[PDB]
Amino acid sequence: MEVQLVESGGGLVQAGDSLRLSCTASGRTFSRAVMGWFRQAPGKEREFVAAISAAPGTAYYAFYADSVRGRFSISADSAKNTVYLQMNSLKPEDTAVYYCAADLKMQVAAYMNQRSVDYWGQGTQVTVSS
């Protein structure tokens, strides 16, 4: 079985600035899963950031953790089987290894525990200096 999630983006950023992450998934996984983002701060467990789920037609449902509401935008593109996280107004507190996630059981975007995740992309370092 081929790797299901392939992620892109990351790097060093100044406080206040923006950075975009993205992740592709296989056709089968993209269509069968709620896609999400998690982050692992230094010395901490990975915690939920945001999720997005397909709805009938062109529609999507999005859900954000309290830490990131307003400042981040999640989106998806069916034609490219890709999910995106645009992060804005970044703070030193946002420094972490960021992971994309696929959850086959969940149907509608909601808070996601890491134990419910079926597939992970490879983690990527995002560093925000003051």
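The first residue of the shown sequence is 1; numbering continues from there.
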Worksheet item: Comparing 50-58 with 97-105, which has the greater mean CA B-factor as deposited?
Response: 97-105
Worksheet, complete the sentence: Looking only at C-alpha temperature factors in the entry, 21-29 or 7-15, the higher average sits in 7-15
Worksheet item: Compared with the other modelled residues in the chain, in which third is the CA B-factor of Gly43?
Response: middle
Fill in: Third assignment of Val68 from its chain's C-alpha B-factors
highest
